[PDB]
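These notes concern the structure reproduced below.
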Amino acid sequence: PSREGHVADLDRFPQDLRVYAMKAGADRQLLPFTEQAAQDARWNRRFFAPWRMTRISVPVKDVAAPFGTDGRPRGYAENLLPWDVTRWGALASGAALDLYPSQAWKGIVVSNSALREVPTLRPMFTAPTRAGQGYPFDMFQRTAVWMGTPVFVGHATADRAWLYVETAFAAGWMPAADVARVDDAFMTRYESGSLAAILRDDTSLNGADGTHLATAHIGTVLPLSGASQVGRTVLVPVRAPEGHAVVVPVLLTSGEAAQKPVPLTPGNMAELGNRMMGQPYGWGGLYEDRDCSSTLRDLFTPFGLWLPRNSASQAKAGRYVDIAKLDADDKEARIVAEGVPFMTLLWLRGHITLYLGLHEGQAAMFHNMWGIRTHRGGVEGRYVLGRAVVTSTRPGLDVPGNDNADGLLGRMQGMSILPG
Amino acid sequence: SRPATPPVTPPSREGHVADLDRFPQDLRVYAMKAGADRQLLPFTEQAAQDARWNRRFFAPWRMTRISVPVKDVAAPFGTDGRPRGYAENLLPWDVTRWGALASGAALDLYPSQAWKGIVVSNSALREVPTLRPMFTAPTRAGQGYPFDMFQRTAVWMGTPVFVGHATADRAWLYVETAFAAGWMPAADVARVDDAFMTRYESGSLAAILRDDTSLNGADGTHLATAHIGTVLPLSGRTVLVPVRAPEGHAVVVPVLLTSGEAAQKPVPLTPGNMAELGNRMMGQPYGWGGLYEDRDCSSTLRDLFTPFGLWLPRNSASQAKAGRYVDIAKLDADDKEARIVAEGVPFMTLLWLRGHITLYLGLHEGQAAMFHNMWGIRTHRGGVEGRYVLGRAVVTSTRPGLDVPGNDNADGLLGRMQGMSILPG
Ligand SMILES: [Cl-]
Ligand SMILES: [Cl-]
Ligand SMILES: [Cl-]
Ligand SMILES: [Cl-]
Ligand SMILES: [Cl-]
Ligand SMILES: [Cl-]
Ligand SMILES: [Cl-]
Ligand SMILES: [Cl-]
Ligand SMILES: [Cl-]
């Protein structure tokens, strides 16, 4: 194309979910109230499940695996050189895996954080000089975790600076200072009453005294303790100096928070999704950005439809339609014939998208992606879009060197019609 | 008078150069030659230096308003406010999101705050209020990752700040430390009152002596992690750790440390004491502006000298002018080396070129040796700049990487050196 990060689809398809929602019926209920209520109840059971565990579920073999084959260093660090043998060894020794699991207690994430493959915020890149394998693909980033997320704590490093914890959707190493310990009193009170869904990214949570507590993004849920015509008060978990959780009430606007679940309509979905439009891609939520699957999970959270964290798992949600063996144009035709706008996920290995309906005769999809795989002059590349966009099923059609003769469409295996 | 055959074979492994075999990566070797237990300054002079270190460190708590004028706060938001460079997706910064940073910064109200704080966890001063990066040219040598140009400097926990502004949403503060100012996440700062500051500045300070020193309460609660360059009040060695309460003010939690982890400041200035601390840094990866809580050339030297109470400013060029400066810029390379050998004071002399600064350690096999954390050797292949990356704290000659292919320059870092600075000033 002409300029960086552009393809013709971004002019053909409006980067505005409202256009597709108008066509779908902006105020149409995509699920009946009772069924959406059931879905929301399930969402809450999944979210708080770590608080009912009595031990961590991850076997030590899986905890040990990322420390390397015979513990040897993996890949490249932040200096674009192979990970230092001594510093790598020190990560493993401090992990104290001979004692795993050494902890069994319940907590809550008090600030946006991450689950890491090993207990460091320093990165690992498999191959800095190869397209798709250098920065920003920090392979130690398993997933971002939003503030307010219940965790079960199963292990700590010897120095106590890192914990190995389990959320409803993933497990990994997390900085200890991002977790507050919760007791029965706290948990009971926290789960009683209604919850609110955060409706805008980068929503600052400040106490009535002006103290800044944390920032919340779409996908975040907090207890709702009051609501007026334009205001909503939420309870924000905060870590006290002694390590336990307290709650601080925070006043937000009705533009920033609503009682969960928000009604599931294309118009309501478009309003939330448009807030993500153009957001940079972050592998496993690096930089508090989003990737293909965290985009979809966070988009559906305010409506109470639970999705797992990874793309391949999300594809197994709802009602599957296999399309793997079809010719590319037959695949697009089947998506068009059977896909349910705003409620269907389109899946290929390593990528997942939301189907929005037909736009000017082509299937349209919302997704946050990295790049189109290319080869030019005999060298592998990526044509990077790197952000949340609306495209066709073949966004890379115009890109020179596109490795997929039939694009992403050609690689698609199935559609997943929500909910299950 | 035949010039040297240019090197064409790369060193046997990535990140390696011949100097790393010629020079022991172990500061004790150079310390033992210098006199490991020999005191490098008279006591009273070191005491005066340490008193100055403390004066400077606590200066923000003596301010009544922030000293940074609004024009300096506004400038990094771009020429006519237009986006700068590339973001974490390696594409030009988004116009809308860029504008949102400026409009949320509420510069029309600057300075909106006037209060004193302390940094409770290792943090950073940023050019603009985001932890997302800016790269000037992702595809170009020295201009892509990991050179996040929004990273002004790391700030270690326990640092006094004066708070002069906040974003409209209160999530970011504009603050001034003793050595730098910039945007910092609000939750990394706890508010301090007169009573706190008085108790806090009273009594003795301890210097942390080991990187990655985990600070945990007696109850087992993890508080934060402290590195070399960190100083905290002394109550083994019980340090008073500042912690942010839910109401935003600082409290202190005592943390019991070993004599290996903390000592009363200042530690006596000897080559052996410097060698022990610097050996803790050896091999540590390079991070521009302290990215990842790593160190760069100048934060390396500042943090190394902190336990001894020798204040260094944050920027390399400023550190060069902190000591007695000897200009060597007009000398040819061999005469420069001879001058460093003749006038340089081992373990007390900084060697400066534009964009890099090192510590002179004395002579090793007839060559000036130096300790430094560097990124790369400048190379060129087919017209295009490259870098042969060492990217970590090393000991080398003044001309490391003459064995690197594509390094056409005969004179190395030495050739670019402008002067030496003999501490203390
Ligand atoms: Cl409608
Ligand atoms: Cl790439
Ligand atoms: Cl899940
Ligand atoms: Cl249409
Ligand atoms: Cl494509
Ligand atoms: Cl001695
Ligand atoms: Cl570079
Ligand atoms: Cl300074
Ligand atoms: Cl160089």
Side-chain angles (χ1 to χ4, degrees), chain A residues 15-18 20-21 24 26-28 30-31 33 36-37 39-40 43-44 47 109 111-112 144-149 193-207 212-228 230-237 248-280 285 288-290 294-307 342-343 354 356 366 368 388 418, chain B residues 96-97 100 103-104 167-171:
Chain A
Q15 303 301 292
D16 175 7
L17 297 182
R18 294 171 293 182
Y20 317 87
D27 297 326
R28 187 163 57 79
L30 296 161
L31 275 182
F33 173 78
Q36 184 180 7
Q39 289 293 318
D40 186 65
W43 195 104
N44 297 343
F47 195 57
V109 179
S111 194
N112 297 330
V145 175
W146 286 169
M147 63 90 52
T149 300
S194 299
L195 292 170
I198 294 290
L199 301 176
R200 291 183 197 276
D201 284 348
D202 298 295
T203 296
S204 190
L205 308 170
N206 308 308
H212 179 71
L213 302 175
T215 295
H217 305 302
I218 302 170
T220 303
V221 176
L222 298 165
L224 178 71
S225 67
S228 70
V230 297
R232 311 271 177 266
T233 300
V234 296
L235 303 182
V236 173
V248 178
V250 167
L251 184 59
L252 296 172
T253 73
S254 50
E256 292 165 321
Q259 181 162 330
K260 195 170 87 71
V262 174
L264 185 67
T265 68
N268 284 345
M269 293 183 63
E271 185 170 52
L272 292 172
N274 269 359
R275 289 166 185 158
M276 304 184 184
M277 192 71 58
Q279 109 173 98
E288 304 184 22
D289 293 338
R290 295 192 178 86
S294 75
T295 292
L296 300 183
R297 169 172 161 84
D298 287 346
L299 181 59
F300 279 98
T301 281
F303 304 98
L305 273 60
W306 181 266
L307 287 177
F342 280 86
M343 296 289 277
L354 178 66
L356 301 172
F366 176 63
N368 196 332
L418 302 186
Chain B
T96 297
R97 285 162 200 268
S103 62
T167 51
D169 68 8
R170 304 181 179 273

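Just so you know, these numbers use all the heavy atoms, side chains as well, and skip hydrogens, waters and symmetry mates. Labels below follow one simple rule: chain letters A, B, ... track the order of the sequence lines, proteins then strands, and each chain is numbered from 1.
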Find out whether [X] and [Y] are in side-chain contact, i.e. whether some heavy atom of one side chain is under 4.5 Å from a heavy atom of the other.
| X | Y | result |
| --- | --- | --- |
| A:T220 | A:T203 | no |
| A:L224 | A:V234 | yes |
| A:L31 | A:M343 | yes |
| A:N274 | A:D16 | yes |
| A:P261 | A:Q39 | no |
| A:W306 | A:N44 | no |

Please determine if A:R290 and A:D201 form a salt bridge, counting it only when a charged side-chain N lies under 4.0 Å from a carboxylate O.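 Yes, this pair counts.
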Please round to the nearest 0.5 Å and tell me the distance separating atom [atom1] of [X] and atom [atom2] of [Y].
| X | Y | atom1 | atom2 | result |
| --- | --- | --- | --- | --- |
| A:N268 | A:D27 | CG | CG | 7.5 Å |
| A:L213 | A:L205 | CG | CG | 7.0 Å |
| A:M276 | A:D289 | CE | CG | 12.0 Å |
| A:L307 | A:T301 | CG | OG1 | 7.5 Å |
| A:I198 | A:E256 | CD1 | CD | 7.0 Å |

What's the verdict on side chain to side chain contact (heavy atoms under 4.5 Å, CB included) for A:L195 and A:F47, showing C-alpha distance, side-chain angles and the deciding distance? CA-CA 12 Å; A:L195 292 170; A:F47 195 57; 5.8 Å; no
What pair of heavy atoms forms the shortest contact from [X] to [Y], and how long is it?
| X | Y | answer |
| --- | --- | --- |
| A:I218 | A:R275 | CD1-CB, 3.9 Å |
| A:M147 | A:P237 | CE-CD, 4.0 Å |
| A:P266 | A:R28 | CD-O, 3.3 Å |
| A:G267 | A:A21 | N-CB, 3.8 Å |
| A:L252 | A:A257 | CD1-CB, 3.9 Å |
| A:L30 | A:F342 | CD1-CB, 4.1 Å |

Keeping the roles fixed (side chain from [X], backbone from [Y]), state whether a donor-acceptor pair exists under 3.5 Å.
| X | Y | answer |
| --- | --- | --- |
| A:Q36 | A:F303 | yes |
| A:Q15 | A:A388 | no |
| A:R232 | A:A258 | no |

Could you go step by step and tell me if A:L272 and A:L199 meet the side chain to side chain contact (heavy atoms under 4.5 Å, CB included) rule? CA-CA 7 Å; A:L272 292 172; A:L199 301 176; 4.0 Å; yes
Please indicate whether B:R97 has more than 12 foreign heavy atoms, meaning atoms of other residues, nucleotides or ligands, lying under 6.0 Å from its CZ.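 For B:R97, atom CZ is crowded (more than 12 foreign heavy atoms under 6.0 Å).
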Is the number of heavy atoms from other residues, nucleotides or ligands under 6.0 Å of A:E271 CD greater than 12?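 Counting neighbours around CD of A:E271, 12 or fewer heavy atoms of other residues, nucleotides or ligands fall under 6.0 Å, so no.
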Checking B:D169 against A:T215 for the side chain to side chain contact (heavy atoms under 4.5 Å, CB included) test, could you report, in this order, the C-alpha distance in whole Å, the side-chain angles of both residues, the deciding distance, and whether it holds? CA-CA 10 Å; B:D169 68 8; A:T215 295; 6.0 Å; no
Among A:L356, A:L299, A:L17, which residue satisfies the side chain to side chain contact (heavy atoms under 4.5 Å, CB included) criterion with A:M269?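 The option that passes is A:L299.
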Do A:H217 and A:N112 meet the criterion of a side-chain donor-acceptor pair at a distance under 3.5 Å?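 Yes, side-chain donor-acceptor contact under 3.5 Å.
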